[PDB]
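What follows is a short report on a single structure.
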Amino acid sequence: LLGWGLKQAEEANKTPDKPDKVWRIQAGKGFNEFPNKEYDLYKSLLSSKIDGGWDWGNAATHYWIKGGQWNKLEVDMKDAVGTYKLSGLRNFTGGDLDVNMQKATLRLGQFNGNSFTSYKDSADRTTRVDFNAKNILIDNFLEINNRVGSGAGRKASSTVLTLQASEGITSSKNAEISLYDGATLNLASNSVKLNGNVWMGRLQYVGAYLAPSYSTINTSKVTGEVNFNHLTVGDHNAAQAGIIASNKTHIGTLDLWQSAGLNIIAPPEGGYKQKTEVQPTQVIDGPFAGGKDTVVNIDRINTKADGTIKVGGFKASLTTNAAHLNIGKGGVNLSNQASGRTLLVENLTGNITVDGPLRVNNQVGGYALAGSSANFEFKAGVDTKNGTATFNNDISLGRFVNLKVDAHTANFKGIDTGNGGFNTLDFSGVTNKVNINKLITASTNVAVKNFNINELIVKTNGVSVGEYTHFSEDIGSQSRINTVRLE
Amino acid sequence: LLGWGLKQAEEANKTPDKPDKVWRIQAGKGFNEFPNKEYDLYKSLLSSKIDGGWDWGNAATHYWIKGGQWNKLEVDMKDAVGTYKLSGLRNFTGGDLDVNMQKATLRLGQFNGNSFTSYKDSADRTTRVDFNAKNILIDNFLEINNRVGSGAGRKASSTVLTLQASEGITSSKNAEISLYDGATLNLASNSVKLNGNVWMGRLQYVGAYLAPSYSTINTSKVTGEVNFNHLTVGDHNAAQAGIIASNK
């Protein structure tokens, strides 16, 4: 209910905890002389000061550190050479792992997944789970801030994963990274290429469809090539995810939910950087401006959309601070239920360059019914008003679908609305120029203040009447149509 | 019953409070590079460390700072450029706001009014609500030391508003400034021109016609041209207002 821009800013600057009993474990001799031995972490090292157990109340497994979840431990290898595994640490409650593994390959997946969660105490604790490996290679699924027992028992507070490899973090295909209601994670290697189902936001419990359920994948330190492959934001709830990337984000298939948000935030121009008691300074950031060479190549946007019927739509949204928002050959899908499902492809201080076909219900035409008003929407350079929304592909609209663009200069190559009709083809936010190359209308609600459509086709509406081309606002003084060809 | 000359003189010199948990919030980068962005204050910044709620006992809304009404906070922008709004902070109980906004235009009115009140505890607390904007432009109604719930619940102690702009404090026509039984306010801009219904003294409760109900608009620092337009002192009671102006 607060918003993600408050939440990520207020957990950006916290003291970690106050842990008593700081355990210290050091891997001595024996580990540092076999470069391919294929050790383990839990059974070989970590089960000394991590105890199992049973949570009374609908649990399966249970893990904390020692005598409660309020004790820091650490592992300080710094010369251990080989390859490792975690392989089965599930429902870890714990608190303050930091497995320092220089020149050591890790693997968080072997025959079983992992989990990292905290409990909701009265102290409001985090986990701050760190790793400092060389490679990581998650290679199986991982849940962060999951459901510990099954609904009842003790609740789950926030957490932090932190993965700070020195060579790269790849992933396997069946490695469903799924962070939940309060979870964040940071990455610090070079050339992260997560080839698995990234799942920001999930149902923490069985039926709680009204959770806020924020998340964050703050890949701020990644000096190489970020390459996601398959995101998924939201699951039957109004999740508000966010990613603070490192000015290069090539992703693949994106699967938003109906009422799910996304905030891909590029870095700034020069890059990042009986007694009174004084709380520390909570520095906050508003929506700033991305740098010059900030590229976000989201190459496919799908949408999952099913469920109930509300009095409006739900307006999925992705907000981008990058100076480019290229959308490639996959184009923009829109799943549409009986009500009007809506998406918002918004850009604050950048451009938008869509080179793909705007689909709806996964076909190119995409007829919709009367109550289902599918609403495409584009905002190119809101807070700078010099941002262009260039669509270098021929778009195709069916019936009861509504394009609107509120940009500085909305270039086009071809618009097809004559097949379906009832298309509010709005342009009310356009500053100066609309370069539509070809227009096909049956019953359209065009509102342009200034344009030059160099070729215009006005088709009829079959045999019924009341359906026509309609310019519903002032056409201005610099307007122009180089060719009109009625049929 | 004491008289206003005793009351304004005895709240002229007080220690502010004894607040533990002095929260400090600073607006960093992002705010200071868009001169016309039209932000908000509550949802964009202030709802981080100001919580809503419900007073059990005839309330509508309820706002304090964090874990009780005895915690100072502050906002230290000092370079944030643009224009802002409060727009709907009603029945604020809180305590010790001071929103330091150099080179920032404010607006305390957009689609909803505001309120600033304290509670009658055993500690006899004030609010000392400060603002340090560039322009202010109240532009909708504002109640100071109002009725928090509806008669019952917790009572309302004294308060202080303080508005210290650097260019001027105008007002809109429907902006009924209405400070009550214990409220004061000070102004420090130049050429204050309140074009609205200034209402010193009002019925704090439904039928209490025998309250003393003092007030003060101490425009002491105004170096320009004070220009009120429409005052109203007292409402079905023996209110004793007072203004310490700046010789115009």
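Every chain in the structure tokens has a letter given in the order shown (A, B, ...), and although residue numbers restart at 1 in each chain, ligands are simply numbered from 1 in the order shown.
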| request: Do me a favour and pick out the residues of chain B within 8 Å of chain A, using only C-alpha atoms, as a PyMOL selection string. | output: chain B and resi 18-31+33-34+37+43-45+47-48
With N, CA and C atoms retained, could you export that selection as a PDB file, in the first residue's frame?
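Now in again-v1.pdb:
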ATOM      1  N   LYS B  18      10.258  16.914  25.014  1.00  0.00           N
ATOM      2  CA  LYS B  18      11.342  15.955  25.209  1.00  0.00           C
ATOM      3  C   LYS B  18      11.056  14.747  24.321  1.00  0.00           C
ATOM      4  N   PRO B  19      11.390  14.791  23.030  1.00  0.00           N
ATOM      5  CA  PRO B  19      11.153  13.624  22.183  1.00  0.00           C
ATOM      6  C   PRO B  19      12.342  12.679  22.109  1.00  0.00           C
ATOM      7  N   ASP B  20      12.067  11.422  22.411  1.00  0.00           N
ATOM      8  CA  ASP B  20      12.953  10.344  22.010  1.00  0.00           C
ATOM      9  C   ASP B  20      12.614   9.944  20.580  1.00  0.00           C
ATOM     10  N   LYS B  21      13.505   9.153  19.973  1.00  0.00           N
ATOM     11  CA  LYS B  21      13.376   8.642  18.604  1.00  0.00           C
ATOM     12  C   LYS B  21      13.222   9.786  17.597  1.00  0.00           C
ATOM     13  N   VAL B  22      14.281  10.583  17.499  1.00  0.00           N
ATOM     14  CA  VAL B  22      14.299  11.682  16.546  1.00  0.00           C
ATOM     15  C   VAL B  22      14.611  11.118  15.165  1.00  0.00           C
ATOM     16  N   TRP B  23      13.570  10.868  14.376  1.00  0.00           N
ATOM     17  CA  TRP B  23      13.739  10.347  13.028  1.00  0.00           C
ATOM     18  C   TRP B  23      14.328  11.432  12.143  1.00  0.00           C
ATOM     19  N   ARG B  24      15.190  11.048  11.215  1.00  0.00           N
ATOM     20  CA  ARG B  24      15.736  11.993  10.257  1.00  0.00           C
ATOM     21  C   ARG B  24      15.634  11.426   8.851  1.00  0.00           C
ATOM     22  N   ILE B  25      14.947  12.162   7.984  1.00  0.00           N
ATOM     23  CA  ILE B  25      14.691  11.761   6.609  1.00  0.00           C
ATOM     24  C   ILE B  25      15.266  12.840   5.710  1.00  0.00           C
ATOM     25  N   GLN B  26      16.048  12.440   4.717  1.00  0.00           N
ATOM     26  CA  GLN B  26      16.658  13.383   3.790  1.00  0.00           C
ATOM     27  C   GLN B  26      16.270  13.002   2.372  1.00  0.00           C
ATOM     28  N   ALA B  27      15.775  13.972   1.614  1.00  0.00           N
ATOM     29  CA  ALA B  27      15.520  13.769   0.196  1.00  0.00           C
ATOM     30  C   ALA B  27      16.831  13.895  -0.565  1.00  0.00           C
ATOM     31  N   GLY B  28      17.295  12.788  -1.137  1.00  0.00           N
ATOM     32  CA  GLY B  28      18.567  12.774  -1.829  1.00  0.00           C
ATOM     33  C   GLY B  28      18.455  13.183  -3.281  1.00  0.00           C
ATOM     34  N   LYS B  29      18.956  12.342  -4.178  1.00  0.00           N
ATOM     35  CA  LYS B  29      18.937  12.658  -5.596  1.00  0.00           C
ATOM     36  C   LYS B  29      17.629  12.209  -6.233  1.00  0.00           C
ATOM     37  N   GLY B  30      17.273  12.877  -7.322  1.00  0.00           N
ATOM     38  CA  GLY B  30      16.022  12.615  -7.998  1.00  0.00           C
ATOM     39  C   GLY B  30      15.042  13.758  -7.868  1.00  0.00           C
ATOM     40  N   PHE B  31      14.944  14.329  -6.669  1.00  0.00           N
ATOM     41  CA  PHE B  31      14.047  15.458  -6.468  1.00  0.00           C
ATOM     42  C   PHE B  31      14.623  16.749  -7.023  1.00  0.00           C
ATOM     43  N   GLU B  33      16.244  17.729  -9.681  1.00  0.00           N
ATOM     44  CA  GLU B  33      16.533  17.916 -11.095  1.00  0.00           C
ATOM     45  C   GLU B  33      15.302  18.013 -11.988  1.00  0.00           C
ATOM     46  N   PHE B  34      14.120  18.289 -11.443  1.00  0.00           N
ATOM     47  CA  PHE B  34      12.911  18.477 -12.246  1.00  0.00           C
ATOM     48  C   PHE B  34      12.127  19.653 -11.683  1.00  0.00           C
ATOM     49  N   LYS B  37       7.872  19.133 -11.673  1.00  0.00           N
ATOM     50  CA  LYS B  37       7.409  17.755 -11.765  1.00  0.00           C
ATOM     51  C   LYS B  37       6.082  17.515 -11.045  1.00  0.00           C
ATOM     52  N   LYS B  43       2.412  10.702   0.080  1.00  0.00           N
ATOM     53  CA  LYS B  43       2.609   9.415  -0.575  1.00  0.00           C
ATOM     54  C   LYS B  43       4.022   9.273  -1.121  1.00  0.00           C
ATOM     55  N   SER B  44       4.612  10.361  -1.609  1.00  0.00           N
ATOM     56  CA  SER B  44       5.946  10.237  -2.174  1.00  0.00           C
ATOM     57  C   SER B  44       7.021  10.186  -1.102  1.00  0.00           C
ATOM     58  N   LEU B  45       6.892  10.968  -0.030  1.00  0.00           N
ATOM     59  CA  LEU B  45       7.921  10.993   1.004  1.00  0.00           C
ATOM     60  C   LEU B  45       7.415  10.692   2.407  1.00  0.00           C
ATOM     61  N   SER B  47       4.790   9.311   3.932  1.00  0.00           N
ATOM     62  CA  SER B  47       4.112   8.121   4.429  1.00  0.00           C
ATOM     63  C   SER B  47       5.075   7.013   4.827  1.00  0.00           C
ATOM     64  N   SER B  48       6.383   7.222   4.660  1.00  0.00           N
ATOM     65  CA  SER B  48       7.363   6.270   5.158  1.00  0.00           C
ATOM     66  C   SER B  48       7.377   6.224   6.680  1.00  0.00           C
TER      67      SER B  48
END
| request: Enumerate the residues of region 8-217 of chain B with a DSSP assignment of helix (DSSP H, G or I), computed from the backbone, and present them as number ranges by chain. | output: B: 8-10, 31-33, 46-48
Write out as a PDB file with N, CA and C atoms, in the first residue's frame each polymer residue whose atoms come within 12 Å of residue 224 (chain B), counting only C-alpha atoms; drop sequence neighbours fewer than 6 positions from it.
ATOM      1  N   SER B 166       9.741  32.188   1.903  1.00  0.00           N
ATOM      2  CA  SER B 166      10.695  33.220   1.544  1.00  0.00           C
ATOM      3  C   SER B 166      10.222  34.120   0.413  1.00  0.00           C
ATOM      4  N   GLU B 167       9.009  33.924  -0.107  1.00  0.00           N
ATOM      5  CA  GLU B 167       8.513  34.767  -1.187  1.00  0.00           C
ATOM      6  C   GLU B 167       7.089  35.271  -1.012  1.00  0.00           C
ATOM      7  N   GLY B 168       6.260  34.620  -0.222  1.00  0.00           N
ATOM      8  CA  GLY B 168       4.902  35.086  -0.021  1.00  0.00           C
ATOM      9  C   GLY B 168       3.947  33.942   0.242  1.00  0.00           C
ATOM     10  N   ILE B 169       2.896  34.242   0.992  1.00  0.00           N
ATOM     11  CA  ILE B 169       1.877  33.265   1.364  1.00  0.00           C
ATOM     12  C   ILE B 169       0.547  33.837   0.896  1.00  0.00           C
ATOM     13  N   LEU B 187       3.816  33.575  10.877  1.00  0.00           N
ATOM     14  CA  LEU B 187       4.149  33.701   9.467  1.00  0.00           C
ATOM     15  C   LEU B 187       5.473  34.441   9.364  1.00  0.00           C
ATOM     16  N   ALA B 188       6.252  34.150   8.325  1.00  0.00           N
ATOM     17  CA  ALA B 188       7.558  34.787   8.236  1.00  0.00           C
ATOM     18  C   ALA B 188       7.949  35.147   6.811  1.00  0.00           C
ATOM     19  N   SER B 189       7.011  35.110   5.877  1.00  0.00           N
ATOM     20  CA  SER B 189       7.322  35.449   4.497  1.00  0.00           C
ATOM     21  C   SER B 189       7.222  36.964   4.330  1.00  0.00           C
ATOM     22  N   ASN B 190       7.266  37.452   3.100  1.00  0.00           N
ATOM     23  CA  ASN B 190       6.947  38.844   2.832  1.00  0.00           C
ATOM     24  C   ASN B 190       5.693  38.936   1.972  1.00  0.00           C
ATOM     25  N   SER B 191       4.857  39.925   2.296  1.00  0.00           N
ATOM     26  CA  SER B 191       3.580  40.224   1.637  1.00  0.00           C
ATOM     27  C   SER B 191       2.619  39.030   1.699  1.00  0.00           C
ATOM     28  N   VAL B 192       2.278  38.665   2.932  1.00  0.00           N
ATOM     29  CA  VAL B 192       1.184  37.731   3.175  1.00  0.00           C
ATOM     30  C   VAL B 192      -0.115  38.382   2.732  1.00  0.00           C
ATOM     31  N   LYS B 193      -0.861  37.712   1.859  1.00  0.00           N
ATOM     32  CA  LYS B 193      -2.173  38.222   1.461  1.00  0.00           C
ATOM     33  C   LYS B 193      -3.201  37.090   1.487  1.00  0.00           C
ATOM     34  N   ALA B 245       0.994  42.007  14.945  1.00  0.00           N
ATOM     35  CA  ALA B 245       1.319  42.226  13.548  1.00  0.00           C
ATOM     36  C   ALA B 245       2.664  42.934  13.413  1.00  0.00           C
ATOM     37  N   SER B 246       2.940  43.435  12.213  1.00  0.00           N
ATOM     38  CA  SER B 246       4.215  44.039  11.840  1.00  0.00           C
ATOM     39  C   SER B 246       3.998  45.438  11.279  1.00  0.00           C
ATOM     40  N   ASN B 247       3.261  46.255  12.039  1.00  0.00           N
ATOM     41  CA  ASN B 247       3.009  47.701  11.867  1.00  0.00           C
ATOM     42  C   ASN B 247       2.442  48.079  10.492  1.00  0.00           C
ATOM     43  N   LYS B 248       1.742  47.152   9.847  1.00  0.00           N
ATOM     44  CA  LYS B 248       0.959  47.450   8.650  1.00  0.00           C
ATOM     45  C   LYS B 248      -0.074  46.343   8.531  1.00  0.00           C
TER      46      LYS B 248
END
| said: as number ranges by chain, please: the residues near residue 34 (chain A) (cut-off 9 Å, only C-alpha atoms, same-chain neighbours under 2 positions excluded). | reply: A: 30-32, 36-38, 80-82
Write a file of the selected residues as a PDB file, in the first residue's frame, keeping C-alpha atoms.
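Wrote result.pdb, looks like this:
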ATOM      1  CA  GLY A  30      42.644 -30.217   3.841  1.00  0.00           C
ATOM      2  CA  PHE A  31      40.246 -28.160   1.757  1.00  0.00           C
ATOM      3  CA  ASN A  32      42.945 -26.103   0.033  1.00  0.00           C
ATOM      4  CA  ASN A  36      38.234 -30.983  -8.067  1.00  0.00           C
ATOM      5  CA  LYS A  37      37.201 -32.927  -4.981  1.00  0.00           C
ATOM      6  CA  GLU A  38      33.442 -32.035  -5.103  1.00  0.00           C
ATOM      7  CA  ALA A  80      39.591 -23.434  -0.205  1.00  0.00           C
ATOM      8  CA  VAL A  81      39.835 -24.712  -3.773  1.00  0.00           C
ATOM      9  CA  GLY A  82      37.447 -27.054  -5.523  1.00  0.00           C
TER      10      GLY A  82
END
Using only C-alpha atoms, which residues sit within 12 Å of residue 212 (chain A) once same-chain residues fewer than 4 positions away are excluded, as an mmCIF file with C-alpha atoms, in the first residue's frame?
data_model
loop_
_atom_site.group_PDB
_atom_site.id
_atom_site.type_symbol
_atom_site.label_atom_id
_atom_site.label_comp_id
_atom_site.auth_asym_id
_atom_site.auth_seq_id
_atom_site.Cartn_x
_atom_site.Cartn_y
_atom_site.Cartn_z
ATOM 1 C CA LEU A 1 0.000 0.000 0.000
ATOM 2 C CA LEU A 2 3.004 2.259 0.569
ATOM 3 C CA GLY A 3 4.629 1.733 -2.823
ATOM 4 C CA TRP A 4 7.876 0.103 -3.839
ATOM 5 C CA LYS A 7 10.020 0.211 0.553
ATOM 6 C CA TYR A 180 8.406 -13.582 -2.272
ATOM 7 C CA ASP A 181 6.539 -10.926 -0.237
ATOM 8 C CA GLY A 182 9.527 -9.300 1.449
ATOM 9 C CA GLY A 201 6.301 -12.011 -6.143
ATOM 10 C CA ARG A 202 4.255 -15.073 -5.256
ATOM 11 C CA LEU A 203 1.392 -16.070 -2.974
ATOM 12 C CA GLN A 204 3.154 -16.287 0.375
ATOM 13 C CA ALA A 208 -3.990 -14.155 0.737
ATOM 14 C CA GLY A 234 2.949 -11.220 -9.556
ATOM 15 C CA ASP A 235 0.748 -14.241 -8.945
ATOM 16 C CA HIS A 236 -2.966 -13.653 -8.152
ATOM 17 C CA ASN A 237 -2.111 -10.486 -6.199
ATOM 18 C CA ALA A 238 -1.058 -6.854 -6.623
ATOM 19 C CA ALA A 239 2.691 -7.366 -6.465
ATOM 20 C CA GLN A 240 4.948 -4.385 -7.162
ATOM 21 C CA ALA A 241 8.374 -5.625 -8.199
ATOM 22 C CA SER A 259 -2.362 -5.715 -11.274
ATOM 23 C CA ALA A 260 1.418 -6.147 -11.207
ATOM 24 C CA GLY A 261 3.947 -3.341 -11.474
#
| Of the candidates B:41, B:241, B:75, B:46, which shows the shortest atom-to-atom distance to residue 87 (chain B), using only C-alpha atoms? | B:41
| Could you name the residues that touch region 427-436 of chain A at 6 Å or less, counting only C-alpha atoms, but leaving out those on the same chain fewer than 2 positions away, as a VMD selection string? | chain A and resid 404 to 413 438 447 to 448 450 to 453
Residue subset to file, keeping C-alpha atoms, as a PDB file, in the first residue's frame:
ATOM      1  CA  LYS A 404      -2.843   5.953 -26.881  1.00  0.00           C
ATOM      2  CA  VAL A 405       0.563   7.655 -26.950  1.00  0.00           C
ATOM      3  CA  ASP A 406       1.490  10.685 -24.846  1.00  0.00           C
ATOM      4  CA  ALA A 407       4.961  11.506 -26.129  1.00  0.00           C
ATOM      5  CA  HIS A 408       6.987  14.249 -27.775  1.00  0.00           C
ATOM      6  CA  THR A 409       7.143  12.798 -31.312  1.00  0.00           C
ATOM      7  CA  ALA A 410       5.235   9.611 -32.156  1.00  0.00           C
ATOM      8  CA  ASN A 411       6.538   8.253 -35.438  1.00  0.00           C
ATOM      9  CA  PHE A 412       4.813   5.247 -37.007  1.00  0.00           C
ATOM     10  CA  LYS A 413       4.862   2.969 -40.045  1.00  0.00           C
ATOM     11  CA  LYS A 438      -0.382   4.416 -43.485  1.00  0.00           C
ATOM     12  CA  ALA A 447      -7.366  12.916 -31.856  1.00  0.00           C
ATOM     13  CA  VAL A 448      -4.110  14.427 -33.143  1.00  0.00           C
ATOM     14  CA  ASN A 450      -0.417  17.994 -35.406  1.00  0.00           C
ATOM     15  CA  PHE A 451       0.703  15.364 -37.923  1.00  0.00           C
ATOM     16  CA  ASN A 452       1.501  14.588 -41.536  1.00  0.00           C
ATOM     17  CA  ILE A 453      -0.018  11.259 -42.601  1.00  0.00           C
TER      18      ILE A 453
END
| field | Test item: residues at most 6 Å from region 122-138 of chain A, only C-alpha atoms, excluding those fewer than 4 positions along its chain, as a PyMOL selection string | value | chain A and resi 95-109+158-171
| Length of the CA of residue 33 (chain A) to CA of residue 78 (chain A) vector [Å] |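 We find that CA of residue 33 (chain A) and CA of residue 78 (chain A) lie 12.9 Å from each other.
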| For CA of residue 10 (chain B) and CA of residue 65 (chain B), the interatomic separation in Å (one decimal) |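 These atoms are spaced 27.0 Å apart.
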| B:94, B:67, B:88, B:82 ranked by distance to residue 106 (chain B), top pick (using only C-alpha atoms) |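 Using only C-alpha atoms, the shortest distance to residue 106 (chain B) belongs to B:82.
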| When DSSP works through the backbone of this structure, what residues of region 23-208 of chain B end up as strand (DSSP E), shown as number ranges by chain? | B: 23-27, 75-76, 98-100, 114-116, 129-131, 142-144, 161-163, 177-179, 184-187, 199-200
Each residue of region 121-177 of chain A lying at most 9 Å from region 46-64 of chain A should get a row with its shortest atom-to-atom pair and the distance in Å to one decimal, counting only C-alpha atoms; could you produce that, ordered by chain and increasing number, as a tab-separated table?
residue	atom	partner	partner_atom	distance
A:148	CA	A:59	CA	6.9
A:149	CA	A:59	CA	4.0
A:150	CA	A:58	CA	5.4
A:151	CA	A:58	CA	7.8
A:152	CA	A:57	CA	6.7
A:153	CA	A:57	CA	5.1
A:154	CA	A:57	CA	8.4
| query | Which one of B:217, B:73, B:81, B:148 sits closest to residue 129 (chain B) if you count only C-alpha atoms? | reply |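 Once distances to residue 129 (chain B) are computed over only C-alpha atoms, the minimum belongs to B:73.
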| task | Kindly indicate which residue among A:291, A:359, A:374, A:327 lies nearest to residue 313 (chain A), using only C-alpha atoms for the distances. | result |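 For residue 313 (chain A), the nearest of the given residues is A:374.
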